[PDB]
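Shown next as structure tokens: one chain only, the form deposited without this ligand.
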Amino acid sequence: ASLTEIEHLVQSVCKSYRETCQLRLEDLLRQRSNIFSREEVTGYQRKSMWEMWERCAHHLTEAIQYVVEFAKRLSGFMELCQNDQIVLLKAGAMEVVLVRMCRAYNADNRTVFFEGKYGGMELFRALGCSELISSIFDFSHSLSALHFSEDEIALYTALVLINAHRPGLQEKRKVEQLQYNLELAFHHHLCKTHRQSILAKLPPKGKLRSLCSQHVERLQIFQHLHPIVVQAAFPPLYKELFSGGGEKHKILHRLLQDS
């Protein structure tokens, strides 16, 4: 590409991200005083393990559905073959969601916007995956220290998704070229905004890989404890992405096929 084309990619990526945000940042900030009461927190903690897992899986599936739409609107993504579209989404959808989560996290009080209000990690105690929860909260806490702009989150999550190193890509070189153009767009934007200092502060990729592995692993523990709940009450797209073998369900291909 060249300078006009790079800036066009910058604006296109930021537009795609705005149109596929579940919640506007302003909406999330305005809600910061709306925190679960101690009695509402006690009620979450008295919910059964399987109901809290189902509710979190539903919450996560809705966020993932927006990431799929982001991908479809991302320059060049729909040009890739369907095998590679699916490889990239299966690998990076949750990674994007974990990054997007910092917008909904309040570092002042260590709360996250969940089911209409802000609550701390104690809200999730019924899940029985305390390590994963605090790992996710610590990750959001670290990202919040970066003070991402919406444009920065747009460009960075595009790169999280368009990763040419994902195992299973049939057209690796084509993904390499798309990745390179998006890197140019991200780094051009950082250069023009004097934000290149954030490059050193971005999490290593192995950290997002690790969080995703923990989630799958805790799911396997839960699935062993309540296999019928997973089969009957977990969202089909969630099972396709995370549960073994859940990927007999193909939701993604329909989400990609339908306009």
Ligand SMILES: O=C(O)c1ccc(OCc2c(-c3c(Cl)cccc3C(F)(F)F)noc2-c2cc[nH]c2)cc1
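Just count from 1 along the sequence shown to find any residue number. We call the rigid core whatever largest set of C-alpha positions still superposes within 1.5 Å between the two forms.
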- Message: Do the Cα atoms of 202-210 or of 64-72 sit farther, on average, from the shown structure in 7 other deposited structures of this protein when the rigid core is superposed?
- Response: 202-210
- Item | Of 185-193 and 130-138, the stretch whose C-alpha atoms average the higher B-factor in the entry | 130-138
- Quick one: higher average CA temperature factor, 22-30 or 195-203? 22-30
- Message: Among the choices 47, 59, 224, 215, identify the one whose CA B-factor in the record is greatest.
- Response: 224
- From 81, 104, 71, 155, pick the one with the largest CA B-factor in the entry? 81
- Message: Is residue 165 in the lowest, middle or highest third of its chain when residues are ranked by C-alpha B-factor?
- Response: middle
- Message: Considering every modelled residue of the chain and its Cα B-factor in the PDB entry, is residue 108 in the lowest, middle or highest third?
- Response: highest
- Task: Rank-wise, by C-alpha B-factor, drop residue 151 into the lowest, middle or highest third of its chain.
- Result: lowest
- Task: Please rank the C-alpha B-factors of the chain's modelled residues and tell me whether residue 91 sits in the lowest, middle or highest third.
- Result: middle
- Query: C-alpha B factor of residue 123, ranked within the chain: lowest, middle or highest third?
  - Reply: middle
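The following text describes the form solved in complex with this ligand, which does not appear among the structures shown.
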- Please classify the binding site as open or blocked after superposing this ligand from its position in the deposited bound form; blocked means at least 3 ligand atoms come within 2.4 Å of backbone or C-beta atoms of this form. blocked
- Query: Has each of 81, 159 and 163 got a heavy atom lying within 4.5 angstroms of this ligand in the deposited bound form?
  - Reply: no
- Message: Considering non-hydrogen atoms and a 4.5 Å limit, which listed residue (45, 34, 220, 37) is close to this ligand in the deposited bound form?
- Response: 220
- Task: Determine whether any heavy atom of residue 233 comes within 4.5 Å of a heavy atom of this ligand in the deposited bound form, and answer yes or no.
- Result: yes
- Message: Can you tell me if residue 41 lies within 4.5 angstroms of this ligand in the deposited bound form, counting non-hydrogen atoms only?
- Response: no
- Message: Please tell me whether any heavy atom belonging to residue 216 falls inside 4.5 Å of a heavy atom of this ligand, as the geometry stands in the deposited bound form.
- Response: yes
- Query: With the cut-off set at 4.5 Å between non-hydrogen atoms, does residue 13 touch this ligand in the deposited bound form?
  - Reply: no
- Task: Enumerate the residues of 33-59 that have a non-hydrogen atom within 4.5 Å of this ligand in the deposited bound form, in sequence order, or give none.
- Result: 53, 57
